[PDB]
Structures are given as structure tokens and as C-alpha cells.
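Presented below, as C-alpha cells, is a lone chain in the form deposited in one PDB entry.
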């Protein structure tokens, strides 16, 4: 299911089957994603003409890898910073291969926790079109108390169409989207 809610309150199932994977294009290293996600990511980049401008920074990440990422951030940035920007192991969308971190292509010395993705024409254009290919901005600037994560302009979650367009037009989080669908079921 592409609409699955993964977060602090909704951790992935211990018993969940691992996702299907393929290697994704438009990165400078090996990044893996669910096939449909890779496919729509590629379509999105080609349609916007951003092959030269943006790069895929991070994709599928095992639970153990997520734990190591968190532990690194703790040692380097401290607990409070880490809780802000890194999902707890088992609570990360990266573990199911539906999330991408995106960055700029010639941004040297970029940060792995918080890839630079603002104040550039490539980022703006990407934000104009991503919803048309199944992606939403997962952690918007004024939704911290709902998502539990600070503003992350580099992090995108695949939900597929028309969900991405519906969510983006209401400036919703995936959390609010799920509550809306639950409410509308009772009819």
C-alpha cells in the first residue's frame, strides 16, 4: 500500500514484508526505491528537464541502517537536533522505499541529514510539478506538531495519483489525509 502511514505513533510492523526494489537513476551513487517510485521519479525529472540540476540523495534504507544514521546524528548534532530531523528506527518512510531525499547536483559538501534544497530555480520548479507524478512534501513548514518532524524541504514521499495532487492542493500532511479519508468513510 502506497498510502501507508509510517511515523512515531505508527511504526512499521515487525512482521512487514520488505519492499520490492530497483536501482534509481539520476543520482551520483547507488540508490534503491520501489519500482513504481523509481519509475515516477524518472518521469518527473525528465519532464521538468532537471537531469543536470538535481540529484537523488537517499532512498531505501534498512532498519539497521536507520538506527546507525540516528546514532551518528546523536553523536554529531545531539539528541534534540536528531529528534527534529531524523525519524526513529522503525518509524522511517525510507525503510519501505517510498521516500526520497533530493538535493542540488553541483552542491559540494552537502549535509547528509539536511540536504540543501531551497532558494534555487530547480527546487521551485520541482515543487511546481512533483505532485503531478505522485509525490508530496512530507514535512511542511507549519505542521511540526502534526508530523512530529521539523520542516524538511528535501524530503518527498510517494503516494501516487491523485492522492499527491489532492494532498498538495489542501496543503495537507499524510496524517491529515488519513483522518480525512476515515471521516469520509462514515457516510
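Each form is matched to the other, and the largest set of C-alpha atoms that superpose within 1.5 Å is called the rigid core. Shifts are known only where both forms have a C-alpha. Residue numbers count along the first chain shown, from 1.
Absent from the display: the form deposited in another entry. The rest refers to it.
Compared between the shown form and the other one on the core, the listed residues 96, 104, 91, 113 keep their C-alpha shifts below 2 Å, save 113. Figure legend: C-alpha atoms of residue 113 and residue 64, shown here, are separated by at least 3 angstroms more in that other deposited form. Between residue 61 and residue 113, the Cα spacing is larger in that other deposited form than in the shown form, differing by no less than 3 Å. Taking the core as fixed, the only part between the shown form and the other one where three or more residues in a row have CA shifts of 2 Å or more is 108 to 116.
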